[PDB]
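Shown next as structure tokens: one chain only, the form deposited in one PDB entry.
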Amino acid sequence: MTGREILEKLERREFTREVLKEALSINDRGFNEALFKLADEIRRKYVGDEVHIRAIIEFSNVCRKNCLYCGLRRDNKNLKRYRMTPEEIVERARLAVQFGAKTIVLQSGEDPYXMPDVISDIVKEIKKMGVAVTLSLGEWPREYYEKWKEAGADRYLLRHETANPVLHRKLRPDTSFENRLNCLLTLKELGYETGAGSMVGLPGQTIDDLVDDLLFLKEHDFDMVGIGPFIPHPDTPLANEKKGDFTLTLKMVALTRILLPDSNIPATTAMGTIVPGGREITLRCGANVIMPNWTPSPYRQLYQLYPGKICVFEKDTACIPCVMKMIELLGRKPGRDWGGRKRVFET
């Protein structure tokens, strides 16, 4: 079909595999710009002009897993490992709340040391501050997720990475797509607001794989969807592979908004790493969330999932003010509340 025809089907919500494949395969500038406009408009209509700020503290770069794409993979000996103390994490969260953060995201490698009880203790202390707590700690037993929910955690981010089970197992040799999905289903069952999402441009990933990622997200109706380009890391087996394409990744974000109009969708730091101003573009093509880095020195520079991260040389407290300026210059507003999902039930 022509681009005009694909757009019309998207506007009528005929979200067929064929329509999604064609949307991702067409490279016409006019088509792409119309797609981005559509996603921007849907975002405005369903989630408004508030951009929700989630302050992220990357509190440990220790990891037991060996994901082929990730700089924190256990086989990477060329990385100084660190662990923030629970007191450091709590006080760093407190500083973020003092700076106006209404959600605190705790992210780490899969570091056994903290699991589950130290995390629970930290979550309890941060919840006293009257903010939302989101965890992004990887794959753990149901019992750990249960304990963290009881401790007061609100949300959990666990990107599905790739919905192709063969590619998933190759890239993540400690685990499987089946495991990843089971974690996500468990998190939802436990009452977390649950985030999934994927990387774009992984080695061996196809356009049909991207369509499958979109259909998977639509199937499970996730509260949050985190999408970024694959960025090769020099100290990993994928060092010499091609980076994901910014425009294709942007189309995935746009299509995600169109498919899941009331979801929360970040403009990820990976988008701003591969293209200067990439986050700002992404906030205008369907995204409505930003995650300023709140990891303190000297640890921020050591949390290297991928290289070149833009947040690294800035002062400890720079990123919250930075994103507030960003939000204003985009003609948007900061979030007024915790920015939980506001479901619009439809047909």
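The term rigid core refers to the most C-alpha atoms you can superpose between the two forms while keeping them within 1.5 Å. In this text, residue numbers run from 1 along the sequence as written.
There is also a form deposited in another entry; it is not shown, and the following applies to it.
Colleague: With the two forms aligned on their rigid core, point out which item of 50, 33, 41, 314 shifts its C-alpha by 2 Å or more between this form and the one not shown.
Modeller: After core superposition, the single residue displaced by 2 Å or more is 314.
Colleague: Once you overlay the rigid core, does the Cα of residue 304 travel 2 Å or further between this form and the one not shown?
Modeller: Superposed on the core, residue 304 moves its C-alpha 2 Å or more between this form and the one not shown.
Colleague: By 3 Å or more, the Cα spacing of residue 316 and residue 302 differs in the other form; is it closer or farther than in this view?
Modeller: The answer is closer, because the C-alphas of residue 316 and residue 302 approach each other in the other form by 3 Å or more.
Colleague: Relative to the form shown here, do the C-alpha atoms of residue 304 and residue 316 sit closer together or farther apart in the other form, given a change of 3 Å or more?
Modeller: Closer is correct, given that in the other form the C-alpha spacing of residue 304 to residue 316 is reduced by at least 3 Å.
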